[PDB]
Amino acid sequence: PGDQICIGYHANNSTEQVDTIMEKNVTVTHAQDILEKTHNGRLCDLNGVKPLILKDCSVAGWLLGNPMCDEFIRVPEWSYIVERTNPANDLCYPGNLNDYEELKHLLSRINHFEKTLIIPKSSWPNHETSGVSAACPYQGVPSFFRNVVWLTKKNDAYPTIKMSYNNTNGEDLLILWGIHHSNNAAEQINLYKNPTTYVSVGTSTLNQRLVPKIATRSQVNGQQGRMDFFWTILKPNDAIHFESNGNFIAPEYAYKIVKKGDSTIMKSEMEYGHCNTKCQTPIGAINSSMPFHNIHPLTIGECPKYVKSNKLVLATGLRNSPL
């Protein structure tokens, strides 16, 4: 016969398959996937910061103080805001919030948040502050927004308001006010007694003049009237000046606000997970070092690149031989 020496290579039982430029379904001894497809399916903290989850509230109904919305507690700081796709309680009284989207972008990441009383109800000795509507119910009995005050005529008279609040706090203040639009002249007189009315607001940069549009509108939430709301950011040592003779929705509570980063609003229908993550998706959090993933496009955080791919399998072994 004769002595022999042979050159050969490794083989095992692996059925893992990779794809090359020239060949398809090539079995290999060892392979590694560089595509991430798994998540914990929970809402995690973003780098140790708890998200702000409004369970049955849109953002706007949360600042203004919707009566069916203050089931919440103090969250001094958050990394992103979690809204449901269609929150039940957006605006109990029909109307709009000006620059709502830009405001939502502002509050996506907040370093410090604190509700503060800036104008207590006692500061209207010659006005009625017990304004309450059936469109804003709390436990069935009609109520109103908890952070703004519906000013109504008192003793058959509406004295002209000339009020100023100075931001003595060392932080910026988010102040929200509004104007009530009536449906007819009789409602105007019965509520404010002054037929022609205005709401004028002024700061170092803001110069606003609002006049109600007394017109007929379709009923929403039981009311044909509307309440257009407005907001601004009051710099420290600055004062906001209010001058109105009717239809003024005065502010009661403000917000001490500090911003250091930026985020976005995440539309998700999941709850807290008591977990930390570097990347968050509406359907779960990702803990991976891989460069690519196919879990969800709407990501928040330091995330791998989104691709349309079932697998990206790299060949780390030899071409296997069948047994």
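The first residue of the shown sequence is 1; numbering continues from there.
If you average the C-alpha B-factors over 189-197 and over 67-75, the higher value belongs to 67-75.
In this entry, the higher average B-factor at the C-alpha atoms falls on 154-162, of the pair 154-162 and 97-105. Taking the deposited Cα B-factors for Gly273, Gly284, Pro291, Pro51, the highest one is held by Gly273.
In the deposited entry, the Cα temperature factor of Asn12 sits in the middle third of values across the chain's modelled residues. In the PDB entry, a CA B factor belonging to the highest third of its chain's modelled residues is recorded for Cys44.
Among all modelled residues in its chain, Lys259 ranks in the middle third by Cα B-factor. Per the deposited record, the Cα B-factor of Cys57 falls in the highest third when ranked against the other modelled residues of its chain. Placement of the Cα temperature factor of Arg217 within the chain: highest third of the modelled residues, per the deposited record.
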